[PDB]
Structures are given as C-alpha cells and as structure tokens.
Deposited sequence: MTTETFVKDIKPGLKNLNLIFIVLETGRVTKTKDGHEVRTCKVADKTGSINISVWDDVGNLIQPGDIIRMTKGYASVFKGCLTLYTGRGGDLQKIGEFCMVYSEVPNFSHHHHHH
C-alpha cells in the first residue's frame, strides 16, 4: 500500500513510502528540547521535503510508515504523525572505479 511523490499535495494523511535521501537542512532545537529536522528526499517522481523529530543522512533509502502530508506553505511537507515510523532499508551512493597506477 505504497504511493509516489508528485501524486501527493497538502492534506492526505496516512501514507506508507520508500525513498532515498538527497539532502539534509539546518537544525532547530525547540527550547523544550527536540530535534526538528527538515530534509530533502524523494522518489524518481520529482522531489519533496520532510520534517523529523529527534533522528537520517543522504544516501539512505528510507521506508516511511504512517506518515502524512500537508503543507508548510512552502510546498507541502511530510510528517510522522499517527505514530510515524521511518526505517532505513538500504544504502545508495556514488561510486568511482579506476585501474590502479603502474608499474
């Protein structure tokens, strides 16, 4: 019961999803203590941003459970609300191969 990026626009609520992590923004420590991280991830179907409480790094492949979407006005964003549960299921990275130098 998964879904895709550009399909989803503000509203929309319950949403399970796998994706890769492109970029990661700038921290804000709410005075009450929590890590609210906003971040840049997507599937191949375009792009989107997300907000995280007290946890990810680019290059990661994330499974999202029971997350939901609505907009912080600058384009809709994704939450982890009902309980929410983001899991990592694999990696991805850029790789460079060359023949050693000789002799």
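- prompt: What ranges of the deposited sequence are left out of this structure?
  reply: Missing CA coords at 1 to 2, 58 to 61, 110 to 115.
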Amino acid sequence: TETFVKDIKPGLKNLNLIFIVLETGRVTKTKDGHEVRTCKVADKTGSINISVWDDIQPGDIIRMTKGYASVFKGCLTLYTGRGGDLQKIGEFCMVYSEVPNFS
From here on, numbers count along this sequence of modelled residues.
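- prompt: Per the entry, where is the mean C-alpha temperature factor higher: 90 to 98 or 75 to 83?
  reply: Between 90 to 98 and 75 to 83, it is 75 to 83.
task: Higher average CA B factor in the deposited record is what I'm after, so tell me if that's 37 to 45 or 57 to 65.
output: It is 37 to 45.
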